[PDB]
């Protein structure tokens, strides 16, 4: 949701630096559901349970476009999901595995997977960014939203930065450009939040993704 702190910048050079694995998602149902996500392995991407539920039991309905720049401008093309594993906890988190594309390339090869933080030093009041694809902006455009962490408890985190429908599943980056959480949404006039990747979540990811990298 939009908050008093609405500080967002468009990322045009999407394949530069830590932005490459930030991904645009389209789920074809009924209508087209839009969301975001982040590549964290050779064939794996993280997003929310609710974006994955938009496929209504059909993984093939989910397409990921890493580093998408704008409508029909996908520098790495797209990838179709083949298998989905939802987080067993309360956290709105899901793991999506993709099959290679027509050129036999893997989603985690055309782009360098993001580095996951161990979150040892993460704390309230730290400056972070949530980068993904807001639906109030031009189609398939990547935007970085700036703010501070305002709440940390268990596997949940909240922050004061703005997001909009479409940002579902956007990675939360700390200053070191490591993924510390996965954005799920927010509450009007209150806050936006994400699944905080603590020890429990980390162990879950490690058990389901053999090549995920934690700093």
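Residue numbers count along the first chain shown, from 1.
Should the segment between residue 187 and residue 188 be described as having none, 1 to 3, 4 to 9, or 10 or more unmodelled residues of the deposited sequence?
Unmodelled stretch: none, continuous chain.
Between 73-81 and 126-134, which has the higher average C-alpha B-factor in the PDB entry?
Between 126-134 and 73-81, it is 73-81 that shows the higher mean C-alpha B-factor.
Pick between 88-96 and 102-110: the one whose mean CA B-factor in the entry is higher.
Result of the comparison: 102-110.
Given 164, 30, 174, 170, identify the residue with the highest C-alpha B factor in the PDB entry.
Among 164, 30, 174, 170, the highest C-alpha B-factor in the entry belongs to 30.
Per the coordinate record, which of the options 34, 39, 52, 149 holds the highest CA temperature factor?
Highest C-alpha B-factor among the listed options: 52.
Taking the entry's C-alpha B-factors for this chain, is residue 142 in the lowest, middle or highest third?
Its C-alpha B-factor belongs to the lowest third of this chain's values.
Ranked against its chain, the third holding the CA B-factor of residue 207
For residue 207, the deposited C-alpha B-factor lands in the highest third.
Where the record places residue 180 (Cα B-factor, split into thirds across the chain)
Bottom third by C-alpha B-factor.
Taking the C-alpha B-factors as the PDB entry records them, is residue 15 in the lowest, middle or highest third of its chain?
As the PDB entry reports it, the C-alpha B-factor of residue 15 lands in the highest third of its chain.
Modelled-residue ranking by C-alpha temperature factor, third containing residue 215:
Its C-alpha B-factor belongs to the highest third of this chain's values.
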